[PDB]
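Read through the structure below, which is laid out as structure tokens, and then see the notes.
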Amino acid sequence: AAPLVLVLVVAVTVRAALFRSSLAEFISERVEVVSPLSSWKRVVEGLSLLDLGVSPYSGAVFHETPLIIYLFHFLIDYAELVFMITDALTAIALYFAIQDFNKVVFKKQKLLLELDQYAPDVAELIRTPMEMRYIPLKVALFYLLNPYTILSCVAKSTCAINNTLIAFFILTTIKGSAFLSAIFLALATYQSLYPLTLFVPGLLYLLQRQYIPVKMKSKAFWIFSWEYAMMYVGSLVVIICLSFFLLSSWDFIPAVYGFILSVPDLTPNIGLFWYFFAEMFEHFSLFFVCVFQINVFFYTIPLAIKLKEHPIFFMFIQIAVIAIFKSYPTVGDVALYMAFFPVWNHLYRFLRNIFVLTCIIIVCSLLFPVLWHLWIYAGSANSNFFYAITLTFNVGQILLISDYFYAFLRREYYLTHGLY
Amino acid sequence: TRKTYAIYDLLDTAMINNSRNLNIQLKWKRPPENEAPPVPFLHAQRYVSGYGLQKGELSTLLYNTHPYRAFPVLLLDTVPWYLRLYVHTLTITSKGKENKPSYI
Ligand SMILES: CCCCCCCC/C=C\CCCCCCCC(=O)O[C@H](COC(=O)CCCCCCCCCCCCCCC)COP(=O)(O)OCCN
Ligand SMILES: CC(C)CCC[C@@H](C)[C@H]1CC[C@H]2[C@@H]3CC=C4C[C@@H](OC(=O)CCC(=O)O)CC[C@]4(C)[C@H]3CC[C@]12C
Ligand SMILES: CC(C)CCC[C@@H](C)[C@H]1CC[C@H]2[C@@H]3CC=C4C[C@@H](OC(=O)CCC(=O)O)CC[C@]4(C)[C@H]3CC[C@]12C
Ligand SMILES: CC(C)CCC[C@@H](C)[C@H]1CC[C@H]2[C@@H]3CC=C4C[C@@H](OC(=O)CCC(=O)O)CC[C@]4(C)[C@H]3CC[C@]12C
Ligand SMILES: CC(C)CCC[C@@H](C)[C@H]1CC[C@H]2[C@@H]3CC=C4C[C@@H](OC(=O)CCC(=O)O)CC[C@]4(C)[C@H]3CC[C@]12C
Ligand SMILES: *[C@@H]1O[C@H](CO)[C@@H](O)[C@H](O)[C@H]1NC(C)=O
């Protein structure tokens, strides 16, 4: 579409202008924008180490997967072009996924309207094609022009690549394609361990699309679930075994996954793990790290229980929970679930506490660089200031996500029982 | 350099014995600038570049004061684990142009 092309052009131009600006070096070194598993300097360092005959996983600077090193061995040049293309590809995938999802949900709404399953007078809550016309465009616009995404791609972080993988998983899941969805979910789990939680939303959406009732007594559900699980596990096993042969050693598995799961760096971030484990008694370190990494995988099952028939909202909430409670969170990770906000903007009337939470999130984001500079360079602040900013930012994120969840539940209840 | 030394053989009775102690007195003051010996051909200094508590550089200056002779040097650096180094940023610039170490 013409507006999509215009948005893509604007985003690419802004990214290129910031690439050629003098702020590229400043952005590239931001702790909020880059992470120990996603910095570009570490990609360059791990590529340079291979030229010396030293395995890049023998040090403590390089923590990226062999696929990234293979991609950037050939594409060490045109890196900014690579990252701009990945951002544009993520926008395109999200656009088409949401465009198909709108049609699917409109067909469902028409079905329950014909069956008169809704309340007698819920005309205001009824979704119309006019209101859904520009939702796919706004989804791609909330991602391309998000300051978080612009910073994350100007800094040349692989977070953009992992976001592209998740977006393509969403697109393939929405467009059937169980095979391609499994491959893309395996690729997303390869880069970061946490995206494996999206297996349940993907399976639920595939079952709903193929019209298999999700019942314990049902056998078609078990057959399809087994096929999808085997496909996912095989695609992950094949990727692991193949990428073993790049350096003919298994040392990448520690340096990536043990790093993700054990949090050895303790380097400042927007997350909640950096200080908790810097200021921590060693008696309970193992117990608390186990609890904190359980926290991410904790909500997938109870969320599947409540949201069995609403798998896309379940996937959005899961992406948000991953981005919030990841071991090494990034504003780029946060920006992936803020691309879904235009989808759920029909829930606005039931949204409490939206202005305050948006203001808090904006304040925390703008205050991250200022308090980081005061702590690190000015020297007039402690780590306590940055810790407080991370606490407030994550509380705002959590309350915003729970607020959208509450609005969704309110709309479902009103549709089922009757709005006054 | 050709250096002249004065030897005080303590094993010689004709120099020191039980009847007297030895107290060597040397007259030395800082020589004027004209009489100062030439600076040694090799000396080095080390320092930290930058400010803040996030990033920096460990810079080493290696001085070759010989007017016409160039000699190899062997630099050994041992940096603790908390100062994470990036070897792709290692630059050796002599006389304003890049220098390629013979063995790294
Ligand atoms: C660049 C380095 C730091 C920059 C920091 C900026 C990053 C902020 C990025 C994301 C934070 C956003 C988090 C909440 C997002 C809310 C999503 C959303 O769309 O909610 C929308 C609600 O929006 C709001 O309520 C928020 C607006 C109120 C306050 C924000 C505006 C003032 C802030 C501006 C400050 C900067 C101004 C500078 C020049 C612009 C729903 O709208 P709708 O549903 O389309 O309405 C029609 C109803 N049918
Ligand atoms: C590989 C996937 C899983 C993640 C990365 C996204 C790719 C689908 C994109 C991102 C960057 C793209 C590349 C960006 C630049 C180029 C160079 C282009 O050729 C040139 O411009 C070379 C000119 C010359 O060498 O003289 C050919 C396409 C290619 C390889 C692109 C191929 C597709 C790539 C790898
Ligand atoms: C992705 C899911 C489906 C599991 C797939 C299993 C195998 C493809 C991989 C996953 C973890 C791997 C293991 C991870 C760690 C090691 C230790 C490694 O020994 C070491 O060099 C010590 C490393 C260390 O502990 O620091 C030998 C390979 C091995 C057994 C690996 C063998 C291959 C394994 C079992
Ligand atoms: C692609 C996915 C599915 C891979 C799944 C495998 C991981 C869950 C495994 C593979 C290697 C494991 C790591 C291998 C080595 C260590 C070091 C270990 O710390 C030690 O050095 C203690 C050693 C000892 O206890 O004797 C703590 C667990 C940890 C991080 C392990 C955590 C679990 C890891 C990441
Ligand atoms: C991989 C997925 C599919 C399973 C769910 C993962 C988490 C719910 C839990 C399960 C086991 C836990 C791990 C069990 C053992 C260890 C070793 C432990 O090693 C240490 O003691 C060093 C870290 C520290 O003590 O601070 C670090 C946490 C870790 C990786 C744990 C991190 C959190 C894990 C991965
Ligand atoms: C050694 O001893 C003799 C006897 O006391 C004394 O005359 C002589 O001066 C001593 N040697 C020196 C160097 O003074």
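Residues are referred to by chain and number: the chain letter is A, B, ... according to the order shown in the structure tokens, the number counts from 1 in that chain, and ligands are numbered separately from 1 in the order shown.
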Next on the checklist: Show me, as a PyMOL selection string, every residue of chain A with an atom at most 12 Å from chain B, counting only C-alpha atoms.
Outcome noted: chain A and resi 29-31+36+40-54+56+59-62+265-268+372-380+382-383
Next on the checklist: Give me, as a PyMOL selection string, the set of residues whose atoms come within 6 Å of any atom of ligand 2, counting only C-alpha atoms and all ligand atoms.
Outcome noted: chain A and resi 82+85-86
The selected residues should be written to file as an mmCIF file, in the first residue's frame (atoms: N, CA and C atoms).
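Saved as part21.cif:
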```cif
data_model
loop_
_atom_site.group_PDB
_atom_site.id
_atom_site.type_symbol
_atom_site.label_atom_id
_atom_site.label_comp_id
_atom_site.auth_asym_id
_atom_site.auth_seq_id
_atom_site.Cartn_x
_atom_site.Cartn_y
_atom_site.Cartn_z
ATOM 1 N N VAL A 82 21.904 -3.546 6.798
ATOM 2 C CA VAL A 82 21.326 -4.783 7.315
ATOM 3 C C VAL A 82 20.293 -4.481 8.389
ATOM 4 N N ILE A 85 17.168 -2.835 7.006
ATOM 5 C CA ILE A 85 16.361 -3.830 6.313
ATOM 6 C C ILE A 85 15.632 -4.721 7.310
ATOM 7 N N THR A 86 16.287 -5.091 8.414
ATOM 8 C CA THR A 86 15.608 -5.903 9.421
ATOM 9 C C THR A 86 14.446 -5.147 10.054
#
```
Within 6 Å of ligand 1, which residues of chain A come that close, and what is the closest atom pair and distance in Å for each? Count only C-alpha atoms and all ligand atoms and give it as a Markdown table.
```
| residue | atom | partner | partner_atom_place_in_ligand_line | distance |
| --- | --- | --- | --- | --- |
| A:147 | CA | ligand 1 | 1 (C) | 4.9 |
| A:341 | CA | ligand 1 | 17 (C) | 5.3 |
| A:342 | CA | ligand 1 | 19 (O) | 6.0 |
| A:345 | CA | ligand 1 | 44 (O) | 4.0 |
| A:346 | CA | ligand 1 | 49 (N) | 5.7 |
| A:348 | CA | ligand 1 | 44 (O) | 5.3 |
| A:354 | CA | ligand 1 | 25 (O) | 5.6 |
| A:355 | CA | ligand 1 | 25 (O) | 4.8 |
| A:358 | CA | ligand 1 | 14 (C) | 4.4 |
| A:359 | CA | ligand 1 | 29 (C) | 5.6 |
| A:361 | CA | ligand 1 | 11 (C) | 5.7 |
| A:362 | CA | ligand 1 | 8 (C) | 4.8 |
| A:365 | CA | ligand 1 | 5 (C) | 4.9 |
| A:366 | CA | ligand 1 | 3 (C) | 4.7 |
```
Same residues, C-alpha atoms, saved as an mmCIF file, in the first residue's frame:
```cif
data_model
loop_
_atom_site.group_PDB
_atom_site.id
_atom_site.type_symbol
_atom_site.label_atom_id
_atom_site.label_comp_id
_atom_site.auth_asym_id
_atom_site.auth_seq_id
_atom_site.Cartn_x
_atom_site.Cartn_y
_atom_site.Cartn_z
ATOM 1 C CA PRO A 147 12.148 6.036 19.619
ATOM 2 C CA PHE A 341 -1.003 -1.229 21.040
ATOM 3 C CA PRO A 342 -2.957 -0.041 17.945
ATOM 4 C CA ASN A 345 -6.854 0.494 21.083
ATOM 5 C CA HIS A 346 -10.547 -0.367 20.754
ATOM 6 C CA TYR A 348 -9.725 2.470 25.257
ATOM 7 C CA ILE A 354 -3.698 5.331 30.983
ATOM 8 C CA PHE A 355 -2.535 8.957 31.176
ATOM 9 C CA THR A 358 2.067 6.724 29.863
ATOM 10 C CA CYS A 359 3.483 9.811 31.580
ATOM 11 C CA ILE A 361 6.895 5.544 31.211
ATOM 12 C CA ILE A 362 7.911 8.664 29.271
ATOM 13 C CA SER A 365 12.723 6.727 29.657
ATOM 14 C CA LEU A 366 13.912 10.384 29.478
#
```
Next on the checklist: Write out as a ChimeraX atom specification the set of residues from segment 42-200 of chain A that DSSP, computed on the backbone, places in helix (DSSP H, G or I).
Outcome noted: /A:42-51,56-58,66-74,79-114,123-125,135-144,147-154,159-174,178-191,194-200
Saved selection, atoms kept: C-alpha atoms, as an mmCIF file, in the first residue's frame:
```
data_model
loop_
_atom_site.group_PDB
_atom_site.id
_atom_site.type_symbol
_atom_site.label_atom_id
_atom_site.label_comp_id
_atom_site.auth_asym_id
_atom_site.auth_seq_id
_atom_site.Cartn_x
_atom_site.Cartn_y
_atom_site.Cartn_z
ATOM 1 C CA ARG A 42 30.908 -7.204 21.079
ATOM 2 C CA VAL A 43 30.037 -8.516 17.611
ATOM 3 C CA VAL A 44 33.070 -6.706 16.206
ATOM 4 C CA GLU A 45 35.227 -8.017 19.066
ATOM 5 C CA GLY A 46 34.082 -11.603 18.550
ATOM 6 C CA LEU A 47 34.740 -11.313 14.830
ATOM 7 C CA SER A 48 38.222 -9.911 15.473
ATOM 8 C CA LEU A 49 39.011 -12.677 17.971
ATOM 9 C CA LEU A 50 38.435 -15.310 15.281
ATOM 10 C CA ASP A 51 41.127 -13.658 13.150
ATOM 11 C CA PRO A 56 35.288 -15.881 20.661
ATOM 12 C CA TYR A 57 33.560 -17.877 23.422
ATOM 13 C CA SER A 58 36.774 -18.241 25.437
ATOM 14 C CA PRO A 66 27.059 -18.729 15.912
ATOM 15 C CA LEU A 67 24.345 -17.767 13.411
ATOM 16 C CA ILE A 68 24.962 -14.083 14.159
ATOM 17 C CA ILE A 69 28.709 -14.467 13.638
ATOM 18 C CA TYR A 70 28.111 -16.288 10.343
ATOM 19 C CA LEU A 71 25.708 -13.586 9.159
ATOM 20 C CA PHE A 72 28.043 -10.739 10.110
ATOM 21 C CA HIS A 73 31.156 -12.440 8.739
ATOM 22 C CA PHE A 74 29.752 -11.998 5.239
ATOM 23 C CA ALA A 79 25.772 -3.310 8.741
ATOM 24 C CA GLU A 80 23.576 -0.211 8.920
ATOM 25 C CA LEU A 81 21.839 -1.354 5.733
ATOM 26 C CA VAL A 82 21.326 -4.783 7.315
ATOM 27 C CA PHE A 83 19.714 -3.306 10.417
ATOM 28 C CA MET A 84 17.511 -0.900 8.453
ATOM 29 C CA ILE A 85 16.361 -3.830 6.313
ATOM 30 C CA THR A 86 15.608 -5.903 9.421
ATOM 31 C CA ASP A 87 13.525 -3.077 10.898
ATOM 32 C CA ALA A 88 11.618 -2.643 7.626
ATOM 33 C CA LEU A 89 11.066 -6.404 7.404
ATOM 34 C CA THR A 90 9.721 -6.488 10.964
ATOM 35 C CA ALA A 91 7.343 -3.662 10.068
ATOM 36 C CA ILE A 92 6.155 -5.499 6.943
ATOM 37 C CA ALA A 93 5.626 -8.777 8.801
ATOM 38 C CA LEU A 94 3.685 -7.066 11.596
ATOM 39 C CA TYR A 95 1.608 -5.129 9.055
ATOM 40 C CA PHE A 96 0.522 -8.221 7.142
ATOM 41 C CA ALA A 97 0.012 -10.320 10.283
ATOM 42 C CA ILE A 98 -2.297 -7.709 11.808
ATOM 43 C CA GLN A 99 -4.079 -7.239 8.478
ATOM 44 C CA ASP A 100 -4.923 -10.950 8.351
ATOM 45 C CA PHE A 101 -5.809 -11.036 12.057
ATOM 46 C CA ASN A 102 -8.330 -8.227 11.555
ATOM 47 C CA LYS A 103 -10.109 -10.251 8.870
ATOM 48 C CA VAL A 104 -10.107 -13.362 11.067
ATOM 49 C CA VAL A 105 -11.558 -11.524 14.067
ATOM 50 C CA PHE A 106 -14.173 -9.817 11.880
ATOM 51 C CA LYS A 107 -15.275 -13.204 10.541
ATOM 52 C CA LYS A 108 -15.570 -14.475 14.114
ATOM 53 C CA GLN A 109 -17.551 -11.387 15.142
ATOM 54 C CA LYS A 110 -19.905 -11.808 12.186
ATOM 55 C CA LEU A 111 -20.391 -15.457 13.160
ATOM 56 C CA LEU A 112 -21.410 -14.694 16.746
ATOM 57 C CA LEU A 113 -23.551 -11.805 15.477
ATOM 58 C CA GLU A 114 -25.436 -14.142 13.138
ATOM 59 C CA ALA A 123 -23.662 -1.880 19.169
ATOM 60 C CA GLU A 124 -20.998 0.463 20.555
ATOM 61 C CA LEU A 125 -18.699 -2.482 21.294
ATOM 62 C CA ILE A 135 -4.862 -0.665 12.361
ATOM 63 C CA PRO A 136 -2.293 -2.596 10.249
ATOM 64 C CA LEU A 137 -0.675 0.695 9.222
ATOM 65 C CA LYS A 138 -0.597 1.982 12.803
ATOM 66 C CA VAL A 139 0.984 -1.292 13.940
ATOM 67 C CA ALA A 140 3.892 -0.763 11.532
ATOM 68 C CA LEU A 141 4.058 2.942 12.423
ATOM 69 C CA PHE A 142 4.216 2.351 16.196
ATOM 70 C CA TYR A 143 7.260 0.127 15.591
ATOM 71 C CA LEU A 144 9.164 1.954 12.846
ATOM 72 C CA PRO A 147 12.148 6.036 19.619
ATOM 73 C CA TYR A 148 13.049 2.712 21.240
ATOM 74 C CA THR A 149 13.274 0.916 17.892
ATOM 75 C CA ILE A 150 15.109 3.800 16.222
ATOM 76 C CA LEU A 151 17.720 3.777 18.989
ATOM 77 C CA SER A 152 17.944 -0.027 18.970
ATOM 78 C CA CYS A 153 18.643 -0.111 15.225
ATOM 79 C CA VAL A 154 20.971 2.912 15.139
ATOM 80 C CA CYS A 159 17.695 -7.196 19.283
ATOM 81 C CA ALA A 160 16.304 -5.911 15.985
ATOM 82 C CA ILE A 161 17.092 -9.268 14.361
ATOM 83 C CA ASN A 162 15.432 -11.207 17.229
ATOM 84 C CA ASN A 163 12.390 -8.924 16.951
ATOM 85 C CA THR A 164 12.238 -9.649 13.217
ATOM 86 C CA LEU A 165 12.297 -13.376 13.970
ATOM 87 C CA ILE A 166 9.433 -13.022 16.463
ATOM 88 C CA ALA A 167 7.439 -10.909 13.998
ATOM 89 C CA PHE A 168 7.867 -13.523 11.274
ATOM 90 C CA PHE A 169 6.788 -16.210 13.739
ATOM 91 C CA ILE A 170 3.625 -14.191 14.410
ATOM 92 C CA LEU A 171 2.997 -13.714 10.686
ATOM 93 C CA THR A 172 3.474 -17.389 9.826
ATOM 94 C CA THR A 173 1.287 -18.481 12.749
ATOM 95 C CA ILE A 174 -1.465 -16.081 11.665
ATOM 96 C CA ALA A 178 2.652 -24.641 11.088
ATOM 97 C CA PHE A 179 6.035 -25.620 9.622
ATOM 98 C CA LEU A 180 7.244 -22.051 9.117
ATOM 99 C CA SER A 181 5.899 -20.970 12.508
ATOM 100 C CA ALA A 182 7.821 -23.800 14.179
ATOM 101 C CA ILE A 183 11.025 -22.902 12.306
ATOM 102 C CA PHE A 184 10.729 -19.222 13.219
ATOM 103 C CA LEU A 185 9.923 -20.016 16.851
ATOM 104 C CA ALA A 186 12.986 -22.272 16.970
ATOM 105 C CA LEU A 187 15.083 -19.442 15.530
ATOM 106 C CA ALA A 188 13.664 -17.019 18.107
ATOM 107 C CA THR A 189 14.391 -19.480 20.924
ATOM 108 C CA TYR A 190 17.909 -19.825 19.511
ATOM 109 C CA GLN A 191 18.697 -16.127 19.937
ATOM 110 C CA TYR A 194 12.567 -16.902 26.658
ATOM 111 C CA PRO A 195 10.601 -16.758 23.337
ATOM 112 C CA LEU A 196 9.916 -20.493 23.789
ATOM 113 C CA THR A 197 6.940 -19.419 25.920
ATOM 114 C CA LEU A 198 5.142 -18.334 22.729
ATOM 115 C CA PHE A 199 4.737 -22.019 21.845
ATOM 116 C CA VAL A 200 1.411 -22.165 23.700
#
```
Next on the checklist: If the limit is 9 Å from any atom of ligand 6, counting only C-alpha atoms and all ligand atoms, which residues qualify? Return them as a ChimeraX atom specification.
Outcome noted: /B:12-22
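Restricting the atom set to only C-alpha atoms and all ligand atoms, one finds that the residues within 6 Å of ligand 5 amount to residues 258, 261, 262, 285, 286, 289, 290, 293 and 294 of chain A.
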Limited to C-alpha atoms, could you put the picked residues into a file as a short mmCIF file (atom, residue, chain, number, x, y, z; two decimals), in the first residue's frame?
```
data_model
loop_
_atom_site.label_atom_id
_atom_site.label_comp_id
_atom_site.auth_asym_id
_atom_site.auth_seq_id
_atom_site.Cartn_x
_atom_site.Cartn_y
_atom_site.Cartn_z
CA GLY A 258 24.17 -20.06 30.78
CA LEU A 261 19.96 -18.05 32.77
CA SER A 262 22.60 -17.29 35.43
CA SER A 285 21.71 -16.33 45.27
CA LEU A 286 20.78 -19.66 43.68
CA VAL A 289 17.93 -16.51 40.56
CA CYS A 290 15.84 -19.68 40.20
CA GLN A 293 13.92 -17.02 35.98
CA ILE A 294 10.83 -19.03 36.92
#
```
